[PDB]
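Single-structure report; data block below.
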Amino acid sequence: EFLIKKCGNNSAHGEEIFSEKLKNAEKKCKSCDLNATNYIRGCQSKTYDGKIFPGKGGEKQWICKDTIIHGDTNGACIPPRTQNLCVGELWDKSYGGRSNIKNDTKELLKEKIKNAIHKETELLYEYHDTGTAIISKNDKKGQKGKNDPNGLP
Amino acid sequence: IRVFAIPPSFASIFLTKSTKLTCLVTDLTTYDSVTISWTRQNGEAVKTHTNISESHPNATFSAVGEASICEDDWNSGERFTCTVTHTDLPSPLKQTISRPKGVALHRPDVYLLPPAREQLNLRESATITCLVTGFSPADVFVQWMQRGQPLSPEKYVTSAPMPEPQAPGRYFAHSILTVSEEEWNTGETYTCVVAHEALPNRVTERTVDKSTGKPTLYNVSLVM
Amino acid sequence: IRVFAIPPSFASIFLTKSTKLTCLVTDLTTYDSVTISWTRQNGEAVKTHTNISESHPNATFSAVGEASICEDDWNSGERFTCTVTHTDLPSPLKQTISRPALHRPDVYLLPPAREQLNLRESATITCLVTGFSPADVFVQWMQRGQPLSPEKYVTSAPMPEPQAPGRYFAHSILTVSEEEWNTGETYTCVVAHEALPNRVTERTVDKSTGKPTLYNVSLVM
Amino acid sequence: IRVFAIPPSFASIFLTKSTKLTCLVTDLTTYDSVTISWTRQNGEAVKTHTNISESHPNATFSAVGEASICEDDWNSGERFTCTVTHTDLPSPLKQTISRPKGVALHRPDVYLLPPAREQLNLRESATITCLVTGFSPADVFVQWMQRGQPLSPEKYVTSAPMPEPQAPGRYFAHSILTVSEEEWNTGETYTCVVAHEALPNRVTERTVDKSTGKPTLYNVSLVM
């Protein structure tokens, strides 16, 4: 696929790529201030990197690439944060689990997606505020020494 | 013209290790410099209040009144008086407050119920109930403890005391603590502490986890 | 003077199917020829009040005002006003009442604690309702299909849930001896609320519910 | 020519709480300005019913009259009467209707039957049967509740209340539901709810799942 992208369209149909050569020489000739977001089930608190204090333990490990039940994605291992993804109420963790999205139009679907965005960002913010995430965990002094010049974890 | 003389609460005096008695005047004429004196039933005044508030939204000046004494005198049932003198009132207003002596005492008992097993099927949330019953008088205090660390005062809600059906003099009360589901599979022991006057040590402790009702003698398992 | 109308509770209408409007004029001096007239939003008068209380021994004259109109108009949210005409007042007094956000309640059952069945003295069973809106839910108990006297169980009052603002919760407890609990004795609990589809739900639990039911393990020394 | 005054049905009353008296006048040639009204036993006024259906496609007049009462009016025993008037009528015809009170009352009995074992061997679809029997009078209502949320009436089919031969005046009825085999293996309480006027609360329901009738297979015992 990389070779095809580099060259060879339609099995050496033509050399017109040199024309696109000139192309790489062509481009070098130089409303929400409301608190009605409500709340959604399905997510309580991110714990892929361990439970919040006082809680201890609960790590999540990466998933091996060479697997059959999962890992059909030939890419790298699955990040633990992606595993605790908080898909929202678009999917339901029922007795066996099943999607509750069958008879909806585009507008309500996009509204649910926006609500999922809202919940995800709030949860990530509060998770990184306490400094329990590995990347957010500084050394044992204030847990905020490596703070960005923006007042953010 | 209305003065409220609120007696100290059991929880407040328990946590502060001291007692405070406050009577405040409201609905009077809007004017400061109101002389409030906290005296005893036998007529012995103490230090007055401080930090008098501003006027109410209804154009009434709000005057504070408070005092701090030793709890031993409060146990004696002394009808401590607070005398209020103001320009509008022709004669000083006096009210007496004291503990309501003459009440039977019974030891409360405390039980702790885990979340319903059926509720642990949505993987959304769970509730643990700390129940207190069989006690007199009212005004019990409940707090929640996890692994020895205090919890936020809004993650749990306690009900109000109400009379027992059978026993006329005894009462009961409920407290509920909400928690997520996944960490209940570890347990954290989620302890409950109860403070009541009639208790011999005034503090009682209970705990539970997910592995509490297990037989703890044989480990039988099933697999396909 | 005290003229106040009590809207009919959801429990009352559910129990009787006979919703009624009742406004009281009480805490007055005794008099005579005091009239109560219930009227609709547009002033449509309805049937008057009978069985009027006389001069009470506590020096109060309570001209009780009752009206019997069924649910449709009340469910419509119409305004209802009872006018009182009294000798002291020169102008009749009128006050209005009306029916004023819906979430399905959820019900759980808590069996008595194991430590409860160690003193061998009594036991308590909990029927718990949560996550409903609005308030004013009704609940009672049924034993093997037979009703129990009301004083044997106690129901708490609705309280605001900490996390969800609109959602509420409430508890109900029933006391029973342990020996009969050791031999079955279902004790179904039934709850009624507006947000329910059929307006009635019920649940049950006995001694043997958490058992694996697939294998039986016994130990003897 | 054809005139009817249909009494309300208990299923409609339960589902709507909007007890309606429906007077239908059809099988008559299409006319204009036909008077339709309703009266009680002694001839009371009723709501000004409207939205009368127009002429049938086969040049037949249709007249619809709705009387909006509530349950106490119906159960009081007032024998209502639909009145129809028109020019071709020699006299305005009045048709009476009332509930036939004075019938025996017996509480129903309900059961749920799991699908046959051989049915769950081809494992394509399963059938659930809700049986009701031993009730008087007839005209009971049934439906199904799916994990707390209802289902459209298309999926399930209810029977009719035929008389029971052995019983003097009792009846019985069936309800049939069809589901896919796979969802039968994952819980799915599949509650069946019935409503009849002989019940203490007029509503009852039952539940059955995959692991309901499976008996124990091991009676293992341990002796030291």
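Chain lettering (A, B, ...) mirrors the order of the structure tokens, residue numbering begins at 1 for each chain separately, and ligand numbering begins at 1 in order of display.
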* Surrounding residues of residue B:37 excluding itself and chain neighbours under 4 positions, 8 Å, only C-alpha atoms, as a VMD selection string -> chain B and resid 45 to 48 82 to 84
* Could you pull out all residues of stretch 11-68 of chain A with a DSSP call of helix (DSSP H, G or I) and give them as JSON, numbers by chain? -> {"A": [17, 18, 19, 20, 21, 22, 23, 24, 25, 26]}
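Fitting chain B onto chain D across all of their Cα atoms brings the RMSD down to 3.3 Å.
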* Compile the residues of chain C that lie within 10 Å of chain A, evaluated using only C-alpha atoms, and express the compilation as a PyMOL selection string. => chain C and resi 163-165
Output C-alpha atoms for every residue in the selection just made, as a CSV table (one decimal), in the first residue's frame.
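Writing done, so here's result.csv:
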chain,number,residue,atom,x,y,z
C,163,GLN,CA,-26.2,13.3,42.6
C,164,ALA,CA,-29.3,13.7,40.5
C,165,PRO,CA,-31.2,16.9,41.4
* To do: Would you list, as a list in words, the residues of chain A that end up in strand (DSSP E) under DSSP run on this structure's backbone?
  => residues 91, 92, 98 and 99 of chain A
Can you write just those residues out, C-alpha atoms, as a PDB file, in the first residue's frame?
ATOM      1  CA  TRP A  91     -24.133   1.256  24.055  1.00  0.00           C
ATOM      2  CA  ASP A  92     -25.557  -0.476  27.118  1.00  0.00           C
ATOM      3  CA  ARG A  98     -26.390  -4.722  23.522  1.00  0.00           C
ATOM      4  CA  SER A  99     -26.725  -1.450  21.646  1.00  0.00           C
TER       5      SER A  99
END
Counting only C-alpha atoms, which residues of chain B sit at most 12 Å from some atom of chain A, and what is each one's closest atom pair with its distance in Å to one decimal, listed by chain and rising residue number, as a tab-separated table?
residue	atom	partner	partner_atom	distance
B:118	CA	A:95	CA	10.8
B:119	CA	A:95	CA	11.5
B:120	CA	A:95	CA	10.3
B:121	CA	A:95	CA	6.5
B:122	CA	A:94	CA	5.9
B:123	CA	A:93	CA	7.0
B:124	CA	A:42	CA	6.0
B:125	CA	A:44	CA	8.2
B:126	CA	A:44	CA	11.4
B:145	CA	A:54	CA	10.6
B:146	CA	A:54	CA	7.5
B:147	CA	A:54	CA	7.2
B:148	CA	A:54	CA	8.8
B:149	CA	A:54	CA	6.9
B:150	CA	A:54	CA	9.4
B:151	CA	A:54	CA	9.6
B:178	CA	A:44	CA	11.4
B:179	CA	A:44	CA	9.0
B:180	CA	A:44	CA	6.4
B:181	CA	A:44	CA	8.9
B:182	CA	A:58	CA	9.6
B:183	CA	A:51	CA	8.0
B:184	CA	A:55	CA	10.7
B:185	CA	A:58	CA	10.5
B:186	CA	A:58	CA	9.0
B:187	CA	A:55	CA	9.5
B:188	CA	A:55	CA	7.1
B:189	CA	A:55	CA	10.7
B:190	CA	A:55	CA	10.8
* With a cut-off of 10 Å and counting only C-alpha atoms, select all residues of chain B in contact with chain C and give the selection as a ChimeraX atom specification. => /B:110-119,129,154-166,173-174,177-178,213,218,220,222
* To do: Could you give me, as a ChimeraX atom specification, the residues within 12 Å of residue A:113, counting only C-alpha atoms and dropping anything in the same chain fewer than 4 positions from it?
  => /A:40,86-91,101,106-109,117-120
What would the file look like if the residues just selected were written as a PDB file, in the first residue's frame with N, CA, C and O atoms?
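Once everything was written out, this is out00.pdb:
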ATOM      1  N   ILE A  40     -25.184  11.827  32.268  1.00  0.00           N
ATOM      2  CA  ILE A  40     -25.364  10.600  31.502  1.00  0.00           C
ATOM      3  C   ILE A  40     -24.853   9.418  32.316  1.00  0.00           C
ATOM      4  O   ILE A  40     -23.817   9.511  32.982  1.00  0.00           O
ATOM      5  N   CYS A  86     -15.393   4.921  27.943  1.00  0.00           N
ATOM      6  CA  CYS A  86     -16.627   5.635  28.278  1.00  0.00           C
ATOM      7  C   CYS A  86     -17.383   6.021  27.002  1.00  0.00           C
ATOM      8  O   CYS A  86     -17.508   7.188  26.627  1.00  0.00           O
ATOM      9  N   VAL A  87     -17.857   4.977  26.319  1.00  0.00           N
ATOM     10  CA  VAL A  87     -18.608   5.140  25.082  1.00  0.00           C
ATOM     11  C   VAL A  87     -19.944   5.834  25.291  1.00  0.00           C
ATOM     12  O   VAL A  87     -20.604   6.196  24.313  1.00  0.00           O
ATOM     13  N   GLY A  88     -20.364   6.026  26.536  1.00  0.00           N
ATOM     14  CA  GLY A  88     -21.631   6.665  26.808  1.00  0.00           C
ATOM     15  C   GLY A  88     -22.799   5.706  26.679  1.00  0.00           C
ATOM     16  O   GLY A  88     -22.648   4.487  26.567  1.00  0.00           O
ATOM     17  N   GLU A  89     -23.996   6.289  26.692  1.00  0.00           N
ATOM     18  CA  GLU A  89     -25.226   5.513  26.617  1.00  0.00           C
ATOM     19  C   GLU A  89     -25.569   5.068  25.202  1.00  0.00           C
ATOM     20  O   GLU A  89     -26.626   4.459  25.005  1.00  0.00           O
ATOM     21  N   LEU A  90     -24.715   5.357  24.217  1.00  0.00           N
ATOM     22  CA  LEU A  90     -24.912   4.797  22.885  1.00  0.00           C
ATOM     23  C   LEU A  90     -24.905   3.276  22.920  1.00  0.00           C
ATOM     24  O   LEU A  90     -25.592   2.632  22.120  1.00  0.00           O
ATOM     25  N   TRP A  91     -24.134   2.691  23.829  1.00  0.00           N
ATOM     26  CA  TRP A  91     -24.133   1.256  24.055  1.00  0.00           C
ATOM     27  C   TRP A  91     -24.435   0.990  25.522  1.00  0.00           C
ATOM     28  O   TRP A  91     -24.073   1.778  26.399  1.00  0.00           O
ATOM     29  N   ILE A 101     -29.401   1.651  20.166  1.00  0.00           N
ATOM     30  CA  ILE A 101     -29.457   2.658  19.106  1.00  0.00           C
ATOM     31  C   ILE A 101     -29.967   1.961  17.845  1.00  0.00           C
ATOM     32  O   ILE A 101     -29.194   1.422  17.047  1.00  0.00           O
ATOM     33  N   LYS A 106     -30.467  11.362  12.731  1.00  0.00           N
ATOM     34  CA  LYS A 106     -29.110  11.887  12.831  1.00  0.00           C
ATOM     35  C   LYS A 106     -28.976  12.913  13.952  1.00  0.00           C
ATOM     36  O   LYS A 106     -27.934  12.975  14.615  1.00  0.00           O
ATOM     37  N   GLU A 107     -30.014  13.721  14.174  1.00  0.00           N
ATOM     38  CA  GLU A 107     -29.902  14.843  15.104  1.00  0.00           C
ATOM     39  C   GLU A 107     -29.717  14.362  16.539  1.00  0.00           C
ATOM     40  O   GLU A 107     -28.801  14.811  17.242  1.00  0.00           O
ATOM     41  N   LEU A 108     -30.575  13.449  16.993  1.00  0.00           N
ATOM     42  CA  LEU A 108     -30.436  12.939  18.352  1.00  0.00           C
ATOM     43  C   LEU A 108     -29.156  12.133  18.512  1.00  0.00           C
ATOM     44  O   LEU A 108     -28.551  12.142  19.588  1.00  0.00           O
ATOM     45  N   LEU A 109     -28.727  11.438  17.456  1.00  0.00           N
ATOM     46  CA  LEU A 109     -27.459  10.719  17.505  1.00  0.00           C
ATOM     47  C   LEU A 109     -26.299  11.681  17.732  1.00  0.00           C
ATOM     48  O   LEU A 109     -25.415  11.428  18.563  1.00  0.00           O
ATOM     49  N   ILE A 117     -18.961  13.461  24.436  1.00  0.00           N
ATOM     50  CA  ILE A 117     -17.785  14.332  24.441  1.00  0.00           C
ATOM     51  C   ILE A 117     -17.699  15.093  25.757  1.00  0.00           C
ATOM     52  O   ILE A 117     -16.637  15.168  26.392  1.00  0.00           O
ATOM     53  N   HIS A 118     -18.822  15.683  26.169  1.00  0.00           N
ATOM     54  CA  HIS A 118     -18.864  16.479  27.392  1.00  0.00           C
ATOM     55  C   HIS A 118     -18.456  15.646  28.604  1.00  0.00           C
ATOM     56  O   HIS A 118     -17.595  16.050  29.400  1.00  0.00           O
ATOM     57  N   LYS A 119     -19.064  14.468  28.750  1.00  0.00           N
ATOM     58  CA  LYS A 119     -18.749  13.614  29.891  1.00  0.00           C
ATOM     59  C   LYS A 119     -17.296  13.163  29.858  1.00  0.00           C
ATOM     60  O   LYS A 119     -16.621  13.140  30.895  1.00  0.00           O
ATOM     61  N   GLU A 120     -16.794  12.808  28.674  1.00  0.00           N
ATOM     62  CA  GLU A 120     -15.415  12.349  28.555  1.00  0.00           C
ATOM     63  C   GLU A 120     -14.438  13.432  28.983  1.00  0.00           C
ATOM     64  O   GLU A 120     -13.496  13.169  29.741  1.00  0.00           O
TER      65      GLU A 120
END
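Interatomic distance, atom CA of residue C:193 to atom CA of residue B:127: 21.8 Å.
For the choices B:36, B:79, B:217, B:14, the atom-to-atom distance to chain D is smallest for B:217 when using only C-alpha atoms.
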* Asked: Can you list, as a PyMOL selection string, every protein, DNA or RNA residue that comes within 6 Å of residue B:141 when you count only C-alpha atoms, leaving out same-chain residues fewer than 2 positions away?
  -> chain B and resi 11+194-195
* Name the closest residue to residue C:40 among the candidates C:148, C:200, C:11, C:97; distances are taken between atoms, counting only C-alpha atoms. =>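 The answer is C:97, which sits nearest to residue C:40.
Using only C-alpha atoms for every distance, the candidate list A:59, A:104, A:111, A:1 yields A:59 as the residue closest to residue A:132.
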* To do: Find the residue from D:33, D:16, D:221, D:204 that sits nearest to chain B; use only C-alpha atoms when measuring.
  =>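 The closest residue to chain B is D:221.
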* To do: Tell me, as a list in words, which residues lie within 6 Å of stretch 41-56 of chain C, counting only C-alpha atoms; anything in the same chain fewer than 5 positions away does not count.
  =>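 These residues fall inside the cut-off: residues 30, 61, 64, 65, 66, 79 and 80 of chain C.
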* Interatomic distance, atom CA of residue D:9 to atom CA of residue D:139 (Å, one decimal) -> 7.7 Å
